[PDB]
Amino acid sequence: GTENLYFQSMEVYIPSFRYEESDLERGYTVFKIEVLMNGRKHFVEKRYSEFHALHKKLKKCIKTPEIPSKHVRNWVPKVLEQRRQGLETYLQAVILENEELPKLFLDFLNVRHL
C-alpha cells in the first residue's frame, strides 16, 4: 500500500562528488550516484565524460533532457557543485519522462531487467 511505494519508480540522487589525484597521475572528478529502487539502495560512480557518452547514445533512443555543459570551469569547486546538481536533474528527468527506460540507461546505473 504504502509498501507498494517502494516498488514504483527508481529514485536517483547524486549526493556527492570527489576529485582525486594519485602519485603523478592526472586528477579526475567522479560523481557518486545513489539509486533507490525496490526498497534497496545502490551506489554507482561516474565521470562527467561517462554522462556525456551516455547522452550521445541516449539521444538516438529518446528525447533527452539538456545535458549540463562540457564548457564550464570544471576545476572550480562551486562549478563542480553546479554540475553535480545538473547531472542529478538530468538523470531524474530521464526517469520522470520515460516510463520504459532504455537498456542503455539501466546499464549505466547497473540495473538489469527480469
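When you see a residue number, it is the position in the sequence shown, counting from 1.
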**Request:** May I ask you to compare 58 to 66 and 44 to 52 by their mean CA B factor in the entry and name the higher one?
**Result:** 58 to 66
**Higher-B stretch (mean Cα B-factor, as the entry records it), 86 to 94 or 14 to 22** = 14 to 22
**Message:** Could you place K32 in the lowest, middle or highest third of its chain by Cα temperature factor, using the values in the record?
**Reply:** lowest
**Item:** Assigned third (lowest, middle, highest) for the C-alpha B factor of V111
**Value:** middle
